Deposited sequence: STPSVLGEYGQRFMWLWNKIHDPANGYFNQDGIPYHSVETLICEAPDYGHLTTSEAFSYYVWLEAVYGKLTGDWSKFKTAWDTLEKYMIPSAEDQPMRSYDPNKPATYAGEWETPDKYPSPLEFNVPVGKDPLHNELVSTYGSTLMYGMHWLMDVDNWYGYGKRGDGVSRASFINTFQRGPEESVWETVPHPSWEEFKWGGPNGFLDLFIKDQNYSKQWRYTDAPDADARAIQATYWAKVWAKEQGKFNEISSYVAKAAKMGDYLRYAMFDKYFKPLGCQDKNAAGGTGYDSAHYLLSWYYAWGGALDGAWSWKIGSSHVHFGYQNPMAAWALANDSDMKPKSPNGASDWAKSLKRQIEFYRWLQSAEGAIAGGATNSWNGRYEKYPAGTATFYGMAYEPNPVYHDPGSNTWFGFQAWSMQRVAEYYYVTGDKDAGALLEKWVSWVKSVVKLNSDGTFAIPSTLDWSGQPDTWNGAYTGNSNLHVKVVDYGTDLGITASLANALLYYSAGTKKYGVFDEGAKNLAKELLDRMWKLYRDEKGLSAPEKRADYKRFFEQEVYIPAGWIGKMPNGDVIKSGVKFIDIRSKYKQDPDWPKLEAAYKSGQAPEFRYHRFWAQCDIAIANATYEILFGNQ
């Protein structure tokens, strides 16, 4: 079939060693080009989102093929490399005191953040159940960032040499952009950085211990699960399910632990609005959404920490439903499926509460105003006691000034609607597709433009379980662009909606046609040697040179390659190896010329989305 030809074409552009999307271990890079900085700060780093897209690409491949080897392989790599093994996470945890509270602060210069030992932390209610269920104490979820070819030089567990090195960057609050971090190893032996390693850049304590720390990106895990749901439906169609047996089980175990994404940072109760208030005793601290993260720390004592900030872009109803309803994907814990049923509905309510008057989905909510459980301002709209935030978690740039989440997240809703016919999902999607149609530009010459940067106004109405119209919440498109990963994901969302519409109501041909046009114009214009790519102006890359990384006066340390870490140091001064990047002179030239440098990037996830969107047109039509 034709749109599946398209998929095949890109699938082995991706799987051709020549083009170089994977490292020697089969770990996909964030992108083929190395000189890139946006969420990771270098291209041959990779992310938990990349792995989840890899699994998804293969699920779709084995649906179109009957060949589930590639799917099995992609999961094999993911469990092996991106999920901390037993040696990666050795422990004695106390569910009643799961962590010691530290605040979040407005700027990076207010860090390291002091522990506050008087601040009550609440009860972790998932742990004892999860031990009972699995026999293990190991946590089964992906850490979000990896240095796949050991570019930074921290290695495995401190060996400064192994590939697939667990690192972390973002640690110092909502203004710490990708440009303002100090990349550090997840496993801390004090072999680099200062006397206490890098710990004392981020946390203020009397004494510091060697330890490990991991941070899950829940959208990533959920996508992996979403992916595995389709691999289960698709293998079962073909009578090959049992082949994929234990891999659906991986998804369900992952699903079971992913419930840590559902809780306030410090198991504090929803609505508390005071750091000194008592901790939750159970599910009163569950927001039942996929939060910006869960994190687990552990001494070489133990900590577990959810997150108080939620972004709609991180939600996944399809995954939630799959875990909650499909008996093959059922998590083994007593309460697992059940918590996921609650998450499914809370998520859908969340999306509807965030729906602007125009139809775009606004950012999110927090249970911890300023990340310090402060009192909400007068007039603040709320969702189950959480405060609306236009840009939750990060502000530089604003986390919901990126059009991309609209597509990523509504694709998942559109899947859930197709499977299910849920009326709220449908009514949500209706008003959103309407908006999409009104803002996508199809030009006469066959070029197209999707929104890139969004801006926001006002607030939703406070949630009371039923849609109101949110007539004071307003989206504005600030500019347009030609992001192909997003363009394809937008197409993918339009296709699942249109499909569901045919299946459950009045068929929306408009939607399908708008998607097709996007998938067609893209394929005709932006095809190239390594897959697809469009020109991209990166003015912000001046920050390579100009961005000062905050280091405390008196703090002295070294990166593994010898770069000195001290006050005044810039972004590039702690990443000197960038100067031997093939694109360095091009970048240098443009910085001095005074105009934005240009790239034609091949992000794994982008190429994965383009693939899956074309394939999804065939599967549905």
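Of the deposited sequence, positions 1 to 6, 98, 308 to 310, 632 to 634 lack any modelled C-alpha atom.
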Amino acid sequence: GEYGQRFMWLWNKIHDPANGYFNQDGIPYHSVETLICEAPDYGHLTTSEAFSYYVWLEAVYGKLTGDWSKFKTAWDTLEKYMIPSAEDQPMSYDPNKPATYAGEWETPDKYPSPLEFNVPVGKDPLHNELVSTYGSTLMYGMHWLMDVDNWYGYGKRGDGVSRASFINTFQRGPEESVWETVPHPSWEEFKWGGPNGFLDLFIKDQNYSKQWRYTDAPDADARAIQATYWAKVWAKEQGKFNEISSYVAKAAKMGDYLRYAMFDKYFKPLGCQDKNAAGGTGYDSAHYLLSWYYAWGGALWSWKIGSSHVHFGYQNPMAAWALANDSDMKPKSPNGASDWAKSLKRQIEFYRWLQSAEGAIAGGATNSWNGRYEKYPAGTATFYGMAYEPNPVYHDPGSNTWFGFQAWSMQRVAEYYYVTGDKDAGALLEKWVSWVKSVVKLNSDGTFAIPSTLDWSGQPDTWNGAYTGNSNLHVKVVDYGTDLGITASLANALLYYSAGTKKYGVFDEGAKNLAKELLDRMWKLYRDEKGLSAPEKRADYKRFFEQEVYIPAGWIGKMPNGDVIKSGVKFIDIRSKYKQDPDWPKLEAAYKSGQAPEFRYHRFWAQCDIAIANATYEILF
From here on, numbers count along this sequence of modelled residues.
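Mean CA B-factor, 166 to 174 versus 325 to 333: the higher value falls on 325 to 333. Looking at mean Cα B-factors across 249 to 257 and 67 to 75, the upper value is held by 67 to 75. Residues shown: 373, 144, 93, 432. Highest C-alpha temperature factor in the entry: 93. Residue-level inspection of the entry shows that, of 478, 386, 427, 525, 525 has the top Cα B-factor.
When the CA B factors of the chain's modelled residues are split into thirds, the value for residue 601 lands in the middle one. Per the deposited record, the Cα B-factor of residue 40 falls in the lowest third when ranked against the other modelled residues of its chain. Per the deposited record, the Cα B-factor of residue 368 falls in the lowest third when ranked against the other modelled residues of its chain. For residue 589, the recorded CA B-factor ranks within the highest third of the chain. Only modelled residues enter the ranking. Among the modelled residues of its chain, residue 207 has a C-alpha B-factor that falls in the highest third, as given in the PDB entry.
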